[PDB]
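Next comes just one chain, in structure tokens: the form deposited in one PDB entry.
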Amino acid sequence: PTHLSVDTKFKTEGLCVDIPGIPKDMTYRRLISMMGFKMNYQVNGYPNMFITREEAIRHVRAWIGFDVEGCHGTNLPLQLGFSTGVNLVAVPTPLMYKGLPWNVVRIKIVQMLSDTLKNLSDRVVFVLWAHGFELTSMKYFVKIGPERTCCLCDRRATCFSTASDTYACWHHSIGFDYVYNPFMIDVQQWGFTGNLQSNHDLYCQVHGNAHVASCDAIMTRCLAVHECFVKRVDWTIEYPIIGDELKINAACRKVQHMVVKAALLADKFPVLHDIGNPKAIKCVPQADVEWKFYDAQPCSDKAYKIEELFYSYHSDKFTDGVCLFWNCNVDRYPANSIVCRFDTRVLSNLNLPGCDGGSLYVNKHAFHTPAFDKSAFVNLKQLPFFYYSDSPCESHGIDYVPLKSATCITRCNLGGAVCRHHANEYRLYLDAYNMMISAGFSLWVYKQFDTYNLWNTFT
């Protein structure tokens, strides 16, 4: 049961206003035929245009909400809306485009999907709240057949060109006019009461209904993200490497060790309260401090209320020492904290738009993250960049320019001249730091944190 059987039943009630008289008894096999596509008993990698909820979740990076609204049905213009915010008007003859024939609309769809998806996925999954017009419009810009490879590379084909009779992936599709072998899922098949807007608005206030097709497309995809990543969470699902995932994760571990080690050296806290991932390990294993762990899985819906994490009767005294919240998202951090908080507003290939201001951060696993909120950090300050090292000044073993920097907290810098080892390590650390920040992570610390307190650790 890897793929969705074409003989599975499709509920047609949501389609009967656009398609009156539609049979109640319907399979994906008959629906695909009604849509004008012919499968031809083909076991060549494309068993069904529609996919299961499980297959959709594995391909969340490919999700593109799609809605079609009748402007005036073969005789009337259609408004094609996508979760990218694009609206195209196709004539049968929040970016809005004037009425144009299908032969040119299809070229724009291919360009838009290719630019949106080339750095995200090997395919497209059209996320629908199917009412009819969207399914009957697909024959005008979609071609199907056996699974194919790109004419210029080894990636699977996502586009077809009627001009050259060739196939291309999202990276090599310039000038292509048909979407080839797309996938799709109808959110209405999951069991819902009432319309799209009423279900969407139960969980989200950030997307409105400006009464255009792209608004519906955005709400449809937001509702699907809510159902699959907020109300239901699966950390077993692995996602492929598409960018700097490995460097980002390594940078996060390097920064965590640095910041916590320096906070413990600078303020000598007798106890550290490590709140968050139940599989956390001590990030500064050689530190003297009493290390106490508190389990909290990553919150996917709303940030944790500090009152619920700390109260209702553990050291009990979280006010003693320091609290470490490494990606443990709370409504208001206590004043004695060290925090790493993902900024959902960051633009990247790893960060997808999410539900109610949240974002879906996909890096090995999918993490729906509640909306970034500057008021969570009112008791703290931004953690400035610094590099600290107590390791010996010794090279061992890449050409050099002498390092001069007030933030290189080492014995050699205290002595007036940064050594080659500490200059190389500082530059590698700065690159790791910049990688983590650019990925969207933000760092915050208790207001008394002062790197001037690190210089006396060199006695």
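For every residue, the number given is its place in the sequence shown, counted from 1.
The modelled chain breaks after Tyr313 and resumes at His314, leaving 1 to 3 residues of the deposited sequence without coordinates. Counting the unmodelled positions of the deposited sequence between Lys279 and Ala280 gives zero. The PDB entry reports B-factors from which the mean C-alpha value can be compared for 233 to 241 and 292 to 300; the larger average falls on 233 to 241. Between 448 to 456 and 1 to 9, it is 1 to 9 that carries the larger average Cα temperature factor according to the deposited entry. Within the group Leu152, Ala251, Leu223, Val259, the record's highest C-alpha temperature factor is found at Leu152. Of the candidates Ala217, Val179, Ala287, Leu350, the deposited coordinates give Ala287 the top C-alpha B factor. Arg61: CA B factor in the lowest third of modelled residues in this chain (values from the PDB entry).
In this PDB entry, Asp399 carries a Cα temperature factor that places it within the highest third of its chain's modelled residues.
Split the chain's modelled residues into thirds by C-alpha temperature factor. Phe133 is in the middle one. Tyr41 sits in the highest third of its chain by CA B factor, as recorded in the PDB entry. Ranked against the other modelled residues of its chain, the C-alpha B-factor of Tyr388 as given in the entry falls in the lowest third.
Only in words, not in the display: the form solved in complex with a small molecule, which the text now covers.
For the candidate set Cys228, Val212, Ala376, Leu383, a heavy atom within 4.5 Å of the small molecule in the deposited bound form is found for exactly one residue, namely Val212. Checking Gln79, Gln111, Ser389, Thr166 for any heavy atom within 4.5 Å of the small molecule in the deposited bound form turns up a single hit: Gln79. Residue contact with the small molecule in the deposited bound form: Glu55 places no heavy atom within 4.5 Å of it.
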